[PDB]
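Trainee: Got a structure here, written out as structure tokens. Questions coming.
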Amino acid sequence: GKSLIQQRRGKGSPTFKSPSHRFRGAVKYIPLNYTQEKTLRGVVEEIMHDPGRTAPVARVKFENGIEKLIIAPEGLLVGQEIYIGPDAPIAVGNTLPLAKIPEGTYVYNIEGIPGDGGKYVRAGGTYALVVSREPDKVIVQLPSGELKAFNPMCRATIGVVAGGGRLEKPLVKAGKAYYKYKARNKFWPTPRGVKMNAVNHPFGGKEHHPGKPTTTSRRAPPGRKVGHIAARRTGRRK
Amino acid sequence: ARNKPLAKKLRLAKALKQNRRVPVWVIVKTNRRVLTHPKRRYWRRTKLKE
Amino acid sequence: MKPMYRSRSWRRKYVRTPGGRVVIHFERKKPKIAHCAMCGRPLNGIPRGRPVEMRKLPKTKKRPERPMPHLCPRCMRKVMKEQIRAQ
Amino acid sequence: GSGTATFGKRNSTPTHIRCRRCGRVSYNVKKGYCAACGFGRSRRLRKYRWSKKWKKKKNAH
RNA sequence: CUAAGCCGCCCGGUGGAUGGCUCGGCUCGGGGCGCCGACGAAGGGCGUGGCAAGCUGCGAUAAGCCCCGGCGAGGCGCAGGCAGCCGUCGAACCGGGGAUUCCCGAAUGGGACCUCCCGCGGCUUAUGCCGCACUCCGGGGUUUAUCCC
RNA sequence: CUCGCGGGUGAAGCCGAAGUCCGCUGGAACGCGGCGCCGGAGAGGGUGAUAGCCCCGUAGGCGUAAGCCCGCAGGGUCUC
RNA sequence: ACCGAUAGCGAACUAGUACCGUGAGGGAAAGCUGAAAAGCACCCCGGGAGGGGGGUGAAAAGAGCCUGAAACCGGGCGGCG
RNA sequence: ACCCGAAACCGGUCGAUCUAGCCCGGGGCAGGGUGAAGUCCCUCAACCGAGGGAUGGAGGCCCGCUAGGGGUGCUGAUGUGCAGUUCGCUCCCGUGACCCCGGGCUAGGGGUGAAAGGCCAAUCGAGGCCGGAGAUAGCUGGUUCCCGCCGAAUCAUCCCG
RNA sequence: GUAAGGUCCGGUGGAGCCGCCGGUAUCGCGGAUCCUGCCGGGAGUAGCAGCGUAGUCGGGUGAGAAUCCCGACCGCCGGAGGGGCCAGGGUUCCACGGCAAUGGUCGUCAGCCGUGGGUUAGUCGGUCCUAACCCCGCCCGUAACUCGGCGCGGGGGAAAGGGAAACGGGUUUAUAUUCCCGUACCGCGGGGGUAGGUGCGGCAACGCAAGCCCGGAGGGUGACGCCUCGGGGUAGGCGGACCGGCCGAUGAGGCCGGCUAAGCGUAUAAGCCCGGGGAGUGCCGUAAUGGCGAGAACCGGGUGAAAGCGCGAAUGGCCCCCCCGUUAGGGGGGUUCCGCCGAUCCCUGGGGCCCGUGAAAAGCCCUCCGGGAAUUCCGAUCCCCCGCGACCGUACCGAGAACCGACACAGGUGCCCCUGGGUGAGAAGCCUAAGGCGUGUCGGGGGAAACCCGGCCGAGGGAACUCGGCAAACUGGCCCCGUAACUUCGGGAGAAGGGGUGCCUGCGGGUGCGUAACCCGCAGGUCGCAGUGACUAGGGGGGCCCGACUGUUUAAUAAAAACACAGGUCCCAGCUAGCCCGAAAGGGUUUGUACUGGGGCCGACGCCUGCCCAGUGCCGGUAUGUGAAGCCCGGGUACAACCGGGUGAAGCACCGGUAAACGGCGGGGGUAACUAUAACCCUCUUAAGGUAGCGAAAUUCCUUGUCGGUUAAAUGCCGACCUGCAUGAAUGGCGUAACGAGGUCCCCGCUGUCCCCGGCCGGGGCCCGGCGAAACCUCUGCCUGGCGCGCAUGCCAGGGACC
RNA sequence: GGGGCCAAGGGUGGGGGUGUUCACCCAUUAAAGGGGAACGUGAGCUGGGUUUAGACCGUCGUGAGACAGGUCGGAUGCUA
RNA sequence: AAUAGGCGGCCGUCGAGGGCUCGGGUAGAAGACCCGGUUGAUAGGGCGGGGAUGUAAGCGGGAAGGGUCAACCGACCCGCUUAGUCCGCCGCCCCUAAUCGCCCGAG
Ligand SMILES: [Zn+2]
Ligand SMILES: [Zn+2]
């Protein structure tokens, strides 16, 4: 038969490649050598809108002349001063190791490994909660509801990510969705596999129904993982 | 076209010089056996290879 | 007109020649005005013009004669007061 | 569509132009290689055994 | 003394079969000879003739230039013309040895949406010359950069 | 190995016999009839028809710079 | 003891040429005057192309040039009508 | 293997000037209507309220032979055409998911697809070009001189017959 | 000679050819919808119409004129058939000489044939910068590569992005921002001075010539979306006066000309700023939003665009007049003003929208830091002057004949940029000025028919036509009144329906200095069948089905009820993840991180989504059974091969969750005030037996089900019943305002659809002069009954038939 | 009125639903007969049904898919 | 009408009778057909009759008004005016053209 959208996306064609030139750049922390054992002051110069980020971004100039781009926390003020390091005071916008962050605090942009730059809690309006601190690990509750253990030296920023509530309003128009998805080059509009020909989809056929259960095994080969992949259950939970 | 490169212009010039009839003195010298050459060309009918 | 002049980056003017023929003159648009580095307000004493016009002028006819000509008067005074107090 | 009216849009940049190496009008201009001799893609000539074109040149077929 | 029309013979037009010819092909035991290129190849582009468009040959010295030998009065390619010139101080032609040998092309100092453009060091009074690509081998200096020779 | 000497082979190439005799047919004899000749040469081709003797060639011989090879003479190295 | 110009290599010749396709690539047709140009001087007509005289040649073989078949077309003749 | 004809299968190569998608940089859409949020003013009473008048210009809004784009009916004309898809009238969109140019990328069991097996240079239920290749068929067609002598058979058994 | 064929005679031809014996072969033509070449009938026929129907009269050249040239008349386009110009074409451009061929006819003409010519740049483009993207080197993978690839280093990449500098007049057959004259500008280098090194005016914003060289940093500019509006200009246009000229009666009156470049010097508007000032029972302001003790009103000022103004500049261009006129020439006048409209062309500020954020670098300006020279010296961004500025394109069309489509193709590319007057809302339709054309290139004749295409009208009836009101017809602009069910309160809506509309004579009104210009009312008189008089310019209403809407689709028979869509819900994933491309290396999502990435289904909105986990699928567990190799033990083999057992992961067997996962949701035995049917209700049967809704449905076979409405007549449409062959809740159920070139039924109005067809107009058809094919063709070609491979022009017997 | 005979010169029409032939029905009428001609007649017409390629519903099939089961759309060449 | 007819007249053994050409339709796609052709009203022109529309241009007067209530402007109306225009219908008049000419034709 013919290929699937997911199969074609793996070849990195311009139809699926992200346009990483309209964006402002990646937001990674400064190298760990500066931040560890030292605390640096920085000034917020500008807050602007990143085409594909789901959150606003901000420019910071540090006392050592280094300029960086960060995810702006909610309530951040242009022209204010922030601190990065172990001795940074506990305030919104400050980055410091998880060992120095008291429990019950909201954090974001947590480093998976000390110095990796931050992977967790970066979407707009999201935050994580510090649960417990131990000499060898810090427990943090993530937006998905999971309790994950991080190395005590991992860095995180105090506050919540700006841009929350974005899903309160409707996308009223197909054109609104068109612009939203064209901003990042996501495949839109999307087709329904049940309305394709049998050559194209496992559910394709003249009749617009799936001829087989829609729960596919986790061991199925590529070109077959469609529908509900390795689903523990389906339907509405009462 | 209004804007041309020199190499293409020179090739077109060579083709233009090529496009001409056989000399009458050549015809009489050859005794009417040579009356034409394969490079004759009409601009609106036969187009250049380039 | 030529495709290059079909662009809207050129401003076009219709003029009538002394010989009685109408001609189309194309000119390049002038740049914007300088803005303060800190607050972004327009500056004073800095004429607008393309590079050739800017080079047509002397040094003292293209900026004000006061320290920090890149800032508006509030910002200039504020920065100097802060610097003096810090010193 | 697909017929007479379609051929009127052949006024754009030609796909192939003259090749400096082999002298044939087969130089893919947008991609930057010759579809006959491989100029701009390989140092050695593009020669294939299933092709009689390079034998026709020297009447060696 | 039949209008049209059909058949047969003769003459004429149309056409290019047949016959004859052949500097071209095809196949062969044996015999000869088998590489070229950074000292820049094969292939290609463009030029070159008094009249010169194609082919052939040549390369700004451009159907050609020089020298040593054969031949012995004609010669200026395919190609039957006009006009001219070349040759007895030996041409044309043939075998051998030299000179010139544009641009692209492995293409190579650096670039090619057009086989055309843009550079850096030394000598040169100036007209102009010799070097400058990558991957290595054998050496040298030093700036220890693989920098320079 | 050749400051040296002799020889062989080796480009173009050079020599190589014999009728253009009489009469007819013919635009033109390479044809017909008659009379002769050479031949280690009667393979083939051209020449206004089909030619051994008109011409080129053929049978058989000759010459050749550079280069290559053998020999003489002399000067060395190494092996047993 | 090969073919003899629809044959023989695609090419007996300005042939891998003309020409076809964006491209990879595909690819024809086309030989013959006469011994010698002696390639028709001069005359009448026509706007001209040509036509008719008159010359050359053993023979127009007259360049649309060796031989010149068949199919087709025009005329004359014999038979029918 | 007497000669010709297959749909098809495999290998390496060529194609996004048509058309599909996406990226970069640019040109275009007469005139009019309606009147969203925002922002107000006037008169009488005032225990509550009641009665009028503005301003502002949003919309995958509306009419529209502007330009541009599309192609419902006539099953009109043409149908060896002007045209290997065109022409007339009628009709639909016409500030948006809009239309179009220049520069780029995605290539064949692959691309691309608002999903019609659609489109990928007049070719798409697997493109084109050379090669395997003179593929194979029990199926269709063809198979060139003359006279003499003798002269049949479609039925028993076995075969994916 | 039975024959395949042989030989002889007459004619053409001009150089080779054969008998016999013996061998060899690309050795014998009627067919292959055979191949190549040539020629026939069709045929002097079609075509040379349809989308723009254009020619006529005098004169000229010429052998020859419907077709070529000049003048007049009559016409077409006139938001394009006019003007400028990319891509593509590559000589098609210009002059002279021509008509064998080409040109749908002819041709003296030509984008055609011959000869000779033609493209001039410091300023205009390339060249410079970088965008998406691409290439080479190292490196990794591959058996290997001209192959795939992350990272580092180098390079390229836009003739419509950024980006130093020139505009007038004239000149040639053909080039000009390029050539000539006049007037400018930029880059580099040089010479003489000067400002400054070592200088000033303002409270301030700021005004200034305000030292030189080398390297670095910072700021600004380059540099930016869409919608909407105010202000200031300029092209162009209109009315009046005056000067010159043409028409007109040598009247009124109409038309034509009254021109002005870069460069140089020069100011304000909005915005922003600088000083004084000290408000609120608040004042100030805009088209609007608005601003104020974080500083309003108000009084002074600074900086800041497009423009205008002066020189350039009248000696130039334009109009006119006069004398010489055999060619050939020479002089004199003028070119001056007011008032309006006014851009889609420029400058400048407001405001609004984004789950959408609308480029980079080169270059240029300023400031600041470090370093290096300068005192009888150094030295400019300021004046004056001198020298130098390389390479390539430059002709022409730019399209209903110069491009692509085989064409001098009604298509496409490029309508890519631009557009006087009247009417008018209008870049609409119609008329017309400028400019262009008569080459969307064959002409002539005619009551010269029939018939066909494109138009105009048709009495009486008004869909009786037809599958179906297909086609046509009705309505139509603007002002005023008036406007339903339903509804998501937005809409439906221009619902529906009714009245008016011309010209002329006078007033009133708005903004305005105005008797400038634009717009709004009022009264009176008057003509026609008709006053949006031409042109332009909706027909309307009521039921049902489907899809919420805008949008997309089979280029070339399907535009739809199909796809998409917003909204709903389900599944996987904490990132060395999940999903995916590869042979590997590496890679897409990823400059990403659960308000995220990926995978299915339903499809706005309102009310809802019932039961079933036995089957299939998936997920979790797995004590136990089975379970390959490997390992261990015994046998065998002077060693192995080989045979028998033990352990044995995944997977199966077993167990549990899961239906907005695939699917399923029957059947019997029955029962209550008859002899009425049906079952509130019990009992078996598989996992459980279809719940709310809807129902002869786009699903119903019987079927034109039965009943009611619509008709005189109803296989139709609508409402109802439920006997649902074979409805049903996310492969969603029911309903639904608005929407639709979707499907279907009915009503008013209208009409040549029809009774029933008849006239007229333009183009074909027909005739005449030219150019001139193709499809097709075994040879032929009258019939009735027959025989016959069963349906004969050709055979049999008859009947007809002059060409 | 019912049945039968001779007789083919003439007539045998208009409408509703349905693609319909047919059958049913309406108002008129003398009557509103049945049939053959390639189920006469598409180089005469129309294209409503049948009978491709698109799509929806019911049922069947694990599925691709199918249904003499419904429904919307779907081309008619000519120089004698 | 293959038994391819009858009759009156005219001509032949130079010649009756035709065709083209000319002016027009009782006719017509080409052909054909009909009337006229100086023995003349066939067509045109002139005049007269009969028709279709509906009262021309010009001049004079009035006109709702305005205008200095003056000169002048004014849609429209009335008179000369059954007008003006036009006729693919008819009658009379030879004023113009129906002319010159060419070719079959039995023996
Ligand atoms: Zn400031
Ligand atoms: Zn090449």
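Residue numbering restarts at 1 for every chain of the structure tokens, chains are lettered A, B, ... in their displayed order, and ligands are numbered from 1 as they appear.
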Can you work out which residues are within 10 Å of ligand 2, considering only C-alpha atoms (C1' of nucleotides) and all ligand atoms, and then hand them over as a ChimeraX atom specification?
Mentor: /D:17-28,33-40,45-46 /E:44
Trainee: Restrict the selected residues to N, CA and C atoms (P, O5', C5', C4', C3', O3' and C1' of nucleotides) and save them as a PDB file, in the first residue's frame.
Mentor:
ATOM      1  N   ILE D  17      20.219  24.052 -19.135  1.00  0.00           N
ATOM      2  CA  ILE D  17      21.001  24.980 -19.934  1.00  0.00           C
ATOM      3  C   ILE D  17      22.278  24.274 -20.384  1.00  0.00           C
ATOM      4  N   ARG D  18      23.103  24.991 -21.142  1.00  0.00           N
ATOM      5  CA  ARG D  18      24.319  24.400 -21.681  1.00  0.00           C
ATOM      6  C   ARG D  18      25.279  24.022 -20.560  1.00  0.00           C
ATOM      7  N   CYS D  19      26.023  22.943 -20.781  1.00  0.00           N
ATOM      8  CA  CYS D  19      26.999  22.439 -19.826  1.00  0.00           C
ATOM      9  C   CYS D  19      28.400  22.795 -20.304  1.00  0.00           C
ATOM     10  N   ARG D  20      29.206  23.365 -19.406  1.00  0.00           N
ATOM     11  CA  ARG D  20      30.556  23.767 -19.783  1.00  0.00           C
ATOM     12  C   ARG D  20      31.440  22.570 -20.105  1.00  0.00           C
ATOM     13  N   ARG D  21      31.172  21.412 -19.503  1.00  0.00           N
ATOM     14  CA  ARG D  21      32.061  20.268 -19.683  1.00  0.00           C
ATOM     15  C   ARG D  21      31.761  19.528 -20.982  1.00  0.00           C
ATOM     16  N   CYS D  22      30.547  18.997 -21.120  1.00  0.00           N
ATOM     17  CA  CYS D  22      30.195  18.182 -22.274  1.00  0.00           C
ATOM     18  C   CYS D  22      29.614  18.987 -23.428  1.00  0.00           C
ATOM     19  N   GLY D  23      29.276  20.254 -23.212  1.00  0.00           N
ATOM     20  CA  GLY D  23      28.769  21.079 -24.288  1.00  0.00           C
ATOM     21  C   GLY D  23      27.344  20.797 -24.697  1.00  0.00           C
ATOM     22  N   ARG D  24      26.634  19.943 -23.972  1.00  0.00           N
ATOM     23  CA  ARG D  24      25.251  19.617 -24.272  1.00  0.00           C
ATOM     24  C   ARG D  24      24.323  20.435 -23.388  1.00  0.00           C
ATOM     25  N   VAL D  25      23.122  20.701 -23.893  1.00  0.00           N
ATOM     26  CA  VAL D  25      22.150  21.522 -23.156  1.00  0.00           C
ATOM     27  C   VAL D  25      21.399  20.558 -22.247  1.00  0.00           C
ATOM     28  N   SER D  26      22.072  20.160 -21.162  1.00  0.00           N
ATOM     29  CA  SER D  26      21.458  19.282 -20.173  1.00  0.00           C
ATOM     30  C   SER D  26      21.802  19.689 -18.747  1.00  0.00           C
ATOM     31  N   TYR D  27      22.314  20.891 -18.515  1.00  0.00           N
ATOM     32  CA  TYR D  27      22.755  21.297 -17.183  1.00  0.00           C
ATOM     33  C   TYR D  27      21.542  21.746 -16.381  1.00  0.00           C
ATOM     34  N   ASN D  28      21.075  20.885 -15.478  1.00  0.00           N
ATOM     35  CA  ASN D  28      20.027  21.267 -14.541  1.00  0.00           C
ATOM     36  C   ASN D  28      20.480  22.504 -13.778  1.00  0.00           C
ATOM     37  N   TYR D  33      23.651  20.459 -11.593  1.00  0.00           N
ATOM     38  CA  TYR D  33      24.410  19.341 -12.132  1.00  0.00           C
ATOM     39  C   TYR D  33      23.897  19.035 -13.528  1.00  0.00           C
ATOM     40  N   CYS D  34      24.696  18.285 -14.281  1.00  0.00           N
ATOM     41  CA  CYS D  34      24.349  17.911 -15.644  1.00  0.00           C
ATOM     42  C   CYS D  34      23.651  16.558 -15.650  1.00  0.00           C
ATOM     43  N   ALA D  35      22.554  16.468 -16.396  1.00  0.00           N
ATOM     44  CA  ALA D  35      21.801  15.230 -16.520  1.00  0.00           C
ATOM     45  C   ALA D  35      22.371  14.299 -17.579  1.00  0.00           C
ATOM     46  N   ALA D  36      23.464  14.680 -18.234  1.00  0.00           N
ATOM     47  CA  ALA D  36      24.091  13.872 -19.271  1.00  0.00           C
ATOM     48  C   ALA D  36      25.486  13.405 -18.889  1.00  0.00           C
ATOM     49  N   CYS D  37      26.335  14.311 -18.402  1.00  0.00           N
ATOM     50  CA  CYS D  37      27.714  13.990 -18.067  1.00  0.00           C
ATOM     51  C   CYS D  37      28.014  14.066 -16.578  1.00  0.00           C
ATOM     52  N   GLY D  38      27.063  14.497 -15.755  1.00  0.00           N
ATOM     53  CA  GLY D  38      27.272  14.545 -14.324  1.00  0.00           C
ATOM     54  C   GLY D  38      28.114  15.697 -13.828  1.00  0.00           C
ATOM     55  N   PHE D  39      28.384  16.694 -14.665  1.00  0.00           N
ATOM     56  CA  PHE D  39      29.180  17.834 -14.233  1.00  0.00           C
ATOM     57  C   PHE D  39      28.529  18.503 -13.030  1.00  0.00           C
ATOM     58  N   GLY D  40      29.356  18.911 -12.072  1.00  0.00           N
ATOM     59  CA  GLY D  40      28.866  19.537 -10.865  1.00  0.00           C
ATOM     60  C   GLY D  40      28.365  18.577  -9.813  1.00  0.00           C
ATOM     61  N   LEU D  45      33.073  11.316 -15.553  1.00  0.00           N
ATOM     62  CA  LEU D  45      31.933  11.444 -16.447  1.00  0.00           C
ATOM     63  C   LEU D  45      30.830  10.475 -16.045  1.00  0.00           C
ATOM     64  N   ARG D  46      29.591  10.876 -16.311  1.00  0.00           N
ATOM     65  CA  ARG D  46      28.430  10.024 -16.077  1.00  0.00           C
ATOM     66  C   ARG D  46      28.294   9.092 -17.273  1.00  0.00           C
TER      67      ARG D  46
ATOM     68  P     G E  44      33.697  16.190 -29.161  1.00  0.00           P
ATOM     69  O5'   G E  44      33.394  17.610 -28.506  1.00  0.00           O
ATOM     70  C5'   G E  44      32.118  17.891 -27.956  1.00  0.00           C
ATOM     71  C4'   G E  44      32.142  19.096 -27.048  1.00  0.00           C
ATOM     72  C3'   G E  44      32.119  20.457 -27.718  1.00  0.00           C
ATOM     73  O3'   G E  44      30.833  20.830 -28.178  1.00  0.00           O
ATOM     74  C1'   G E  44      33.685  20.459 -25.944  1.00  0.00           C
TER      75        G E  44
END
Trainee: Grab me every residue within 12 Å of ligand 1, counting only C-alpha atoms (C1' of nucleotides) and all ligand atoms, and send it over as a count of residues only.
Mentor: 26
Trainee: As an mmCIF file with C-alpha atoms, in the first residue's frame, which residues of stretch 6-43 of chain B does DSSP assign to helix (DSSP H, G or I)?
Mentor:
data_model
loop_
_atom_site.group_PDB
_atom_site.id
_atom_site.type_symbol
_atom_site.label_atom_id
_atom_site.label_comp_id
_atom_site.auth_asym_id
_atom_site.auth_seq_id
_atom_site.Cartn_x
_atom_site.Cartn_y
_atom_site.Cartn_z
ATOM 1 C CA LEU B 6 28.180 37.294 -22.732
ATOM 2 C CA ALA B 7 28.707 33.581 -23.393
ATOM 3 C CA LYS B 8 25.110 33.046 -24.504
ATOM 4 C CA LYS B 9 25.318 36.200 -26.617
ATOM 5 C CA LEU B 10 28.456 34.892 -28.338
ATOM 6 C CA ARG B 11 26.838 31.521 -29.052
ATOM 7 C CA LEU B 12 23.782 33.265 -30.510
ATOM 8 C CA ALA B 13 26.123 35.399 -32.622
ATOM 9 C CA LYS B 14 27.826 32.282 -33.972
ATOM 10 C CA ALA B 15 24.447 30.816 -34.919
ATOM 11 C CA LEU B 16 23.433 34.092 -36.576
ATOM 12 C CA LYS B 17 26.618 34.110 -38.654
ATOM 13 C CA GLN B 18 26.046 30.456 -39.564
ATOM 14 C CA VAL B 24 26.879 31.456 -55.883
ATOM 15 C CA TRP B 25 30.546 31.094 -56.810
ATOM 16 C CA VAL B 26 30.639 27.967 -54.652
ATOM 17 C CA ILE B 27 27.618 26.672 -56.573
ATOM 18 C CA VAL B 28 29.266 27.262 -59.957
ATOM 19 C CA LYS B 29 32.597 25.826 -58.778
ATOM 20 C CA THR B 30 30.847 22.689 -57.525
#
Trainee: Restrict the distance test to only C-alpha atoms (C1' of nucleotides), flag each residue of chain D within 7 Å of chain G, and return the flagged residues as a PDB file with C-alpha atoms, in the first residue's frame.
Mentor:
ATOM      1  CA  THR D  15      15.087  23.561 -16.526  1.00  0.00           C
ATOM      2  CA  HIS D  16      18.292  22.762 -18.443  1.00  0.00           C
ATOM      3  CA  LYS D  56      26.788   7.094 -30.723  1.00  0.00           C
ATOM      4  CA  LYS D  57      29.217  10.013 -30.431  1.00  0.00           C
ATOM      5  CA  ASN D  59      30.138   5.632 -34.019  1.00  0.00           C
TER       6      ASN D  59
END
Trainee: Show which residues sit within 10 Å of residue E:113, as a PyMOL selection string. Count only C-alpha atoms (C1' of nucleotides), and ignore same-chain residues fewer than 2 positions away.
Mentor: (chain B and resi 5) or (chain D and resi 13-14+17+29-30+32)
Trainee: Do you know which residues are at most 9 Å from stretch 1-10 of chain H counting only C-alpha atoms (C1' of nucleotides), after dropping those on the same chain fewer than 4 positions away, and could you put them as a list in words?
Mentor: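 These residues fall inside the cut-off: residues 132, 140, 141, 142 and 143 of chain H; 32 and 34 of chain I.
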Trainee: Emit the selected residues as a PDB file, in the first residue's frame, including C-alpha atoms (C1' of nucleotides).
Mentor:
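File written: result26.pdb
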ATOM      1  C1'   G H 132      17.277  -7.714 -19.273  1.00  0.00           C
ATOM      2  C1'   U H 140      -5.041 -14.386 -33.258  1.00  0.00           C
ATOM      3  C1'   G H 141      -2.878 -13.480 -38.100  1.00  0.00           C
ATOM      4  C1'   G H 142       0.659 -14.802 -42.172  1.00  0.00           C
ATOM      5  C1'   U H 143       3.808 -18.617 -44.563  1.00  0.00           C
TER       6        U H 143
ATOM      7  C1'   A I  32       0.212 -10.920 -42.350  1.00  0.00           C
ATOM      8  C1'   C I  34       2.377  -6.558 -43.463  1.00  0.00           C
TER       9        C I  34
END
Trainee: Which residues are near stretch 1-13 of chain E? Cut-off 9 Å, only C-alpha atoms (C1' of nucleotides), ignore same chain within fewer than 5 positions. Put them as a list in words.
Mentor: residues 73, 74, 75, 76, 77, 78, 80 and 81 of chain G; 803 of chain I
Trainee: Mind checking which residues fall within 9 Å of residue A:96, counting only C-alpha atoms (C1' of nucleotides), ignoring those fewer than 5 positions away in the same chain, and posting them as a list in words?
Mentor: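 The neighbour list is residues 35, 36, 39, 83, 84, 85, 86, 87, 88, 89, 90, 101, 153, 154, 155, 156, 157 and 158 of chain A.
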Trainee: Keeping C-alpha atoms, export the residues of the selection given above as a PDB file, in the first residue's frame.
Mentor:
ATOM      1  CA  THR A  35      25.636  29.576  38.290  1.00  0.00           C
ATOM      2  CA  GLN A  36      27.261  27.096  40.693  1.00  0.00           C
ATOM      3  CA  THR A  39      25.157  34.259  42.149  1.00  0.00           C
ATOM      4  CA  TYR A  83      19.184  36.590  40.555  1.00  0.00           C
ATOM      5  CA  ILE A  84      20.555  33.223  39.431  1.00  0.00           C
ATOM      6  CA  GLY A  85      22.572  31.095  41.836  1.00  0.00           C
ATOM      7  CA  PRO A  86      22.528  29.255  45.164  1.00  0.00           C
ATOM      8  CA  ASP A  87      22.260  32.504  47.157  1.00  0.00           C
ATOM      9  CA  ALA A  88      19.413  33.979  45.113  1.00  0.00           C
ATOM     10  CA  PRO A  89      16.489  35.123  47.294  1.00  0.00           C
ATOM     11  CA  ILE A  90      13.242  33.172  47.041  1.00  0.00           C
ATOM     12  CA  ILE A 101      13.971  25.898  47.267  1.00  0.00           C
ATOM     13  CA  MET A 153      21.674  20.240  42.173  1.00  0.00           C
ATOM     14  CA  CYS A 154      19.081  20.570  39.390  1.00  0.00           C
ATOM     15  CA  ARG A 155      18.070  24.179  38.762  1.00  0.00           C
ATOM     16  CA  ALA A 156      14.551  25.586  38.573  1.00  0.00           C
ATOM     17  CA  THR A 157      12.910  29.009  38.421  1.00  0.00           C
ATOM     18  CA  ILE A 158      10.410  30.301  40.974  1.00  0.00           C
TER      19      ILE A 158
END
Trainee: Provide the atom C1' of residue G:60 to atom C1' of residue G:32 distance in Å, to one decimal place.
Mentor: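 Going from atom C1' of residue G:60 over to atom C1' of residue G:32, I get 16.7 Å.
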